[PDB]
């Protein structure tokens, strides 16, 4: 593939296996990438629109911010951005074209449909590690995400109680390194502050917030945000919030030479928690300076963005909303991994959105499946392909065991019932066999074979993933769920042996094995990931676990009828 898919692509059926024109005037971040690809004469022209190197191609460069033209043929290679970030993006597409020292002959004109695209590290729970964030930034660069908003709810220097204090030295030098890596990867590091729970609407707190921003600025930070989500009391006043942000804008963002994004998260950040008899959102829309972004999570705390939904907000805030999409964040279903495809967001509303960022799981590597897909969606939503992008994400993250990770992820998709009413499809490949088998049973051999095949594949996938060393941090994240997933598949297998139950003693051996396996699952659920909120480890919960639990109860019923016995048919 190419990921995100370019706006315009023309491929000829020739392949190609140098002089460098523009290396001293082009984006050094792009030139570095080219040289890193070029350990190894025909022209390579690199530059931004305006540079001498690419004058001949200025009609070909899209007149869009972050746009670029890329051309490969026998004679020469052109890598020409509308601006510095666009040249870097040309190189990111170039890097994907180059397979085994060879290139296809291609012409591409590309640019993003959504202006700001990325990740908000904005969840409750253990914030990502420094090394996880370093890896994230590089991944964002490769996938043309230009935005990283730093706002972990549990960072005491971001929120309660120490938002007024500078970071200690160790954390500051870490943030400084994050900013430098972000810069090198063309990502805006957006430092967010979350003051609303205890802010006073006086000059002293106003001044402390600006002094904090100044210290962040000294660490290299050039984009800023103020979050007013999940607070009560005086900090919720929209007139004062807008005055404060307008003051930050006028006294700081319009005084520095180089500040990029200024963003706020509103107290009412979704439709369903908006007071319909209040004027909160219209006050912000009317009073907030027009260059300041306003975030929005959709119709509900957790939701996908619809045309009607984006219309409702935009009418009120008098600008296109900056989407905070609450997926794959799992901080309210901490016992689940959410590794499914990214879907449900309207692909025709790019013009109606200023930005689109994903709030991910506290599991940084595992979040890359969704992050890669959100990158692809936000760059070219018109051509967003849910399932193919999901597969592409997985192959990128774990090429040495991609089919095994697809298997594990297909069955670790749903959230289970939760206080936000948000669910995802899961296990749809086997859901037909599951329902056709179980209805008959309470059956087509092809359906029994599908179930059998599925359990066998789950075990192969679990054992290969456990021992994979290509992405150790990913495996460390998911290991407890992989163990539980393997136990699930073993239990399925033993239940299907009970169905095929040949004699009474064999059936009783299977029955005792199933009970032992239930106990081990309970053990894992009681000893791994024992967080205060949703402790434990749940996996394959939507389709698979219920099919096994129900089939077990059904076969046992059937056994007790047959032998006038009283075996326990419970499943919990």
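Under this definition, the rigid core comprises the largest set of C-alpha atoms superposing within 1.5 Å between the forms. Residue numbers count along the first chain shown, from 1.
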Exercise. Quick one: core-superposed, which stretch strays further from the shown model in 7 other deposited structures of this protein, 196 to 204 or 135 to 143? Go by RMS C-alpha distance.
Key: 196 to 204
Quiz item: Taking C-alpha RMS after core alignment, which stretch differs more from the shown form in 7 other deposited structures of this protein: 428 to 436, or 401 to 409?
Solution: 428 to 436
Practice problem: Report, as yes or no, whether residue 39 is left without coordinates in at least one third of the other compared entries. | Solution: yes
Quiz item: Residues with no coordinates between residue 502 and residue 503 in the deposited sequence, how many: none, 1 to 3, 4 to 9, or 10 or more?
Solution: none
Practice problem: Count up the deposited residues without coordinates from residue 17 to residue 18 and drop the result into none, 1 to 3, 4 to 9, or 10 or more. | Solution: 4 to 9
Quiz prompt | 276 to 284 or 382 to 390, whichever carries the higher mean Cα B-factor | solution = 276 to 284
Quiz item: Taking only the CA atoms, which stretch has the higher mean B-factor in the record, 373 to 381 or 311 to 319?
Solution: 311 to 319
Quiz item: If you check the C-alpha B-factor for each of 520, 27, 539, 529 in the entry, which is highest?
Solution: 27
Quiz item: Of the choices 358, 367, 96, 129, which one's C-alpha carries the largest B-factor in the record?
Solution: 96
Exercise. Please place residue 105 in the lowest, middle or highest third of its chain by C-alpha B factor as given in the entry.
Key: highest
Self-check item: Chain third (lowest, middle, highest) by recorded CA B-factor, residue given as residue 300
Solution: lowest
Quiz item: Compared with the other modelled residues in the chain, in which third is the CA B-factor of residue 202?
Solution: highest
Practice problem: Taking the values exactly as deposited, rank residue 120 by C-alpha B-factor within its chain and report the matching third: lowest, middle or highest. | Solution: lowest
Quiz item: Looking at the C-alpha B-factor of residue 219, is it in the lowest, middle or highest third of its chain?
Solution: middle
